[PDB]
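Novice: Build the 3D model from these lines:
(chains A, B, C and D)
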Amino acid sequence: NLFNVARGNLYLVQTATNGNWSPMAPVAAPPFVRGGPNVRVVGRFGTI
Amino acid sequence: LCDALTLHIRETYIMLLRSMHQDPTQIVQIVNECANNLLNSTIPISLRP
Amino acid sequence: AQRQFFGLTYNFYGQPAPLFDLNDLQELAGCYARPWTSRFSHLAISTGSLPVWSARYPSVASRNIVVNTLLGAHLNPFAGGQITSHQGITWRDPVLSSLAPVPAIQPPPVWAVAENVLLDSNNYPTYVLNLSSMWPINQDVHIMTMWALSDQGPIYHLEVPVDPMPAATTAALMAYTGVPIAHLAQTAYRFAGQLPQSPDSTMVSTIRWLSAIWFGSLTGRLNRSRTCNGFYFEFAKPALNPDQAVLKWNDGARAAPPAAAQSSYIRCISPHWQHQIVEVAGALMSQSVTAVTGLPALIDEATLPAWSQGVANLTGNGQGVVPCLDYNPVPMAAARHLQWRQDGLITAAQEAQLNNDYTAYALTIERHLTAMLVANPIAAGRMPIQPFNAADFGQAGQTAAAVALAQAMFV
Amino acid sequence: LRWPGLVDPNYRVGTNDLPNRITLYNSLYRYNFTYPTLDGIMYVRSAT
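Specialist: Residues are numbered from 1 along each chain as shown, chains lettered A, B, ... in the order given. Coordinates below:
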C-alpha cells in the first residue's frame, strides 16, 4: 500500500449505502469467496 | 406439368445439395477444433424448416 | 382433417397442487405466456453443440417437463367444458391463446385441483367449431398425453408398412439430408403444430418413415452399410458429441420390407432421456405423427406407472393393444456399437473402446441429474427434474427386446 | 399415357415411368430454401 499497490482481489457489487463506505479497509467477511456455494468461475475464453 | 425426366433430374440435384449440406450449428466446433482452441467462437443460427 | 384427441393430465407424484408456480407463466420462450407452439422455442437459434439449460431448467427435457404440468393445470376444457382458473390465471378467450390474469367484472370459476383428469376433447364444442385456429393445441395436448402415460421417458410409436417407401415419400425425404436428429424433431413438431393436416398427407407418412428410420440407426441396424431405402444416420464419436445424427443418403445394400407390420410403442426407462437432446428429439419427432393421426391402437398396460392403469381411450389391456418395448440408453448404444462391429464398420478393438467412451458420457448424464434432483427436490413446488430416484439409472428392462424389434423391422 | 398424373384416377404422387416413357403432367416438389450465412463473435484464449 505505501507504494500504491493493494493486494487481495476486487469485488464488484452494487452496494448503495449511506454510511461510512470504506473501499480499502473492508469491515466484515467479503461476500462470496471463490469456490463458495453457487459461485461459478468464468471459463478461460469468457465467451457469452 | 413437368416432364418426369426433368423432374427426376432436379429431384436428383436437390439431393446433391442436401447431400453436401452442413449442420450450421456444428460450425462452431469445426472452427473451435480446426484452430486448436486458441480461437473460440459462437455463431447464432436460426434453425428453420 | 382430424379432431378427436383423447388426453390425460400429468401426475402429481403425491404433491398437493400441480408442480409449477406463478413465475413459469411469464418465463416461457417465444410467445409470452402462450404454452402452445412452445417446446422447441428455446432452441430456435443454435449457437453451438452445448445443450441449452439454465439454473431453473437444469436439463434438456426440463423446458417440456414444466410446460406439461403448467399445461394440465389449465385444461378444464375437453374435460369439463368450462374455462376455470388456477391461482388467478386463465386463457384470454375461447380460442385459448396466452394466459393472462383473471379478468375482472366477469371472472371464471376456480379450477378444482385434481390428479390425472381424462380429456375427451369433444366435451369442448368450441374446439371443432374453430379448428383451423386452435389446431396447435391438439398437437401439444397429445404430447402431454404421451409424457403423462409414463413415469420414465415419453412413449412414442414406431410402425413401418409391409411394402417399400411410397414414390412421393422418397422424393420428399430427399430434403432433410444434412439435418441432425435434434433439428428433425424441431422441423417435425413445428410442422404438425400450425395448420390442420390430413392423416394421409405426404409430409405425414414421410416424417413417420423418418422416425422409424431413425430407430434402426439408434439400434445400429440401419448403419452406413444397411439403409432402409437409402437413408440412415451416421453417428460420431461418443466422446466427441454423440448427439449428432444427420440423415445421410447412400447407395449401399438396402434391407427389405418385413413380412408384417411392426407397430410398436417405445420408451426410455432410464432417466437419462432428461438431459439427452437426442432422446428427447427422437421421442417428440415420433409424437408429431401420432398427433395428426391418433393412436394406431391402445398402449399395453404390461408395465407403465401406477396411474396410467386402464385409461379411457389411451391405455388398454385387451387384444386391441400394442406392446410397449422400453429400452435404456447405455445398453442400447452398447448394443448399437455391437452391430457396427458385426458387419465390419469398426474394428474389434473399437468395440470395447466406444463402450468405455460412451458409458463415461452417460455417466456425466447420471452425475448431472442426481445432483439436480437433490438441489431441486419436489415438495419445494416445481418439478423440472421429475423424481426418478437413484435406485435406477441402470436396471435396463426389455431393451434386448427393442433391439430384436429393429432386426425384425428391417429384415 | 403421356399424362397418367393429370388424367388417370389411380395416379400416385411421385410415381414416374422414367426408364420407359417421359410423363408430362407430374407432381414436382417446389422448395423454399434459405441460405444462412454465419458471422459470429470470436474470443481468444486469454494469457492464463
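Novice: Where does chain B get nearest to chain A, residue-wise?
Specialist: residue B:40 (4.5 Å; CB to the nearest CB). C-beta: built from backbone N, CA, C; applies to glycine.
Novice: Quick check: that residue is in a strand.
Specialist: Yes. The assignment for residue B:40 (DSSP: H, G, I helix; E, B strand; the rest coil) places it in a strand.
Novice: Which strand residues bridge it?
Specialist: Taking DSSP bridges as the rule, residue B:40 bridges to residue D:43.
Novice: Pretty sure it sits against residue A:45.
Specialist: Yes. Here residue B:40 reaches residue A:45: they are 4.5 Å apart, a contact under CB atoms under 8 Å.
Novice: Now for these two: what residues contact both?
Specialist: D:43, D:44, D:45 (CB atoms under 8 Å, 6 or more residues apart in numbering or on different chains).
Novice: doesn't residue A:46 make contact with the first one?
Specialist: Yes. Applying CB under 8 Å, one finds residue D:43 in contact with residue A:46, separated by 6.2 Å.
Novice: ok, residues contacting the helix or strand harbouring residue C:337?
Specialist: Using DSSP states H and E, the element containing residue C:337 is helix C:329-343. Helix C:329-343 has contacts (CB under 8 Å, 6+ apart) with C:218-221, C:223, C:225-226, C:235, C:238, C:242, C:268, C:270, C:272-273, C:276, C:279, C:346-348, C:350-351, C:354-355, C:358-359, C:362, C:365, C:394, C:396, C:399-400, C:402-403.
Novice: give me that answer again for 6 Å
Specialist: Contacts with helix C:329-343, where a contact means CB atoms under 6 Å, 6 or more residues apart in numbering or on different chains, come from C:219-220, C:223, C:225, C:270, C:272, C:346, C:351, C:354-355, C:358, C:362, C:396, C:399, C:403.
Novice: For whichever helix or strand comes after that helix, which helices and strands make contact with it?
Specialist: The C-terminal neighbour of helix C:329-343 among helices and strands, as given by DSSP H and E, is helix C:351-375. In terms of contacts (3 or more CB pairs under 6 Å, 6 or more residues apart in numbering or on different chains; DSSP states H and E), helix C:351-375 is packed against helix C:329-343.
Novice: Buried residues, the helix it packs on. List them.
Specialist: C:329, C:330, C:331, C:332, C:333, C:334, C:335, C:336, C:337, C:339, C:340, C:341 (16 or more other CB atoms under 10 Å in any protein chain shown).
Novice: roughly how far out does it sit from the chain middle?
Specialist: Here the centre of helix C:329-343 is set off from its chain's centre by 23 Å, with CA atoms, centre = their mean, to the nearest Å.
Novice: Can you check what angle separates it from helix C:351-375?
Specialist: Angle of helix C:329-343 versus helix C:351-375, following axes from the mean of the first three to the mean of the last three CA atoms, to 10 degrees, is 170 degrees.
Novice: ok, the one residue in chain D that gets nearest to chain C - how many residues close by?
Specialist: Using CB to the nearest CB, the closest approach of chain D to chain C is made by residue D:14 at 3.3 Å. The local packing of residue D:14 (other CB atoms under 10 Å in any protein chain shown) involves 21 other residues.
Novice: Likewise for residue C:203?
Specialist: 17.
Novice: Tell me the spacing between residue C:102 and residue C:9.
Specialist: As judged by CB to CB, to the nearest Å, residue C:102 and residue C:9 stand 21 Å apart.
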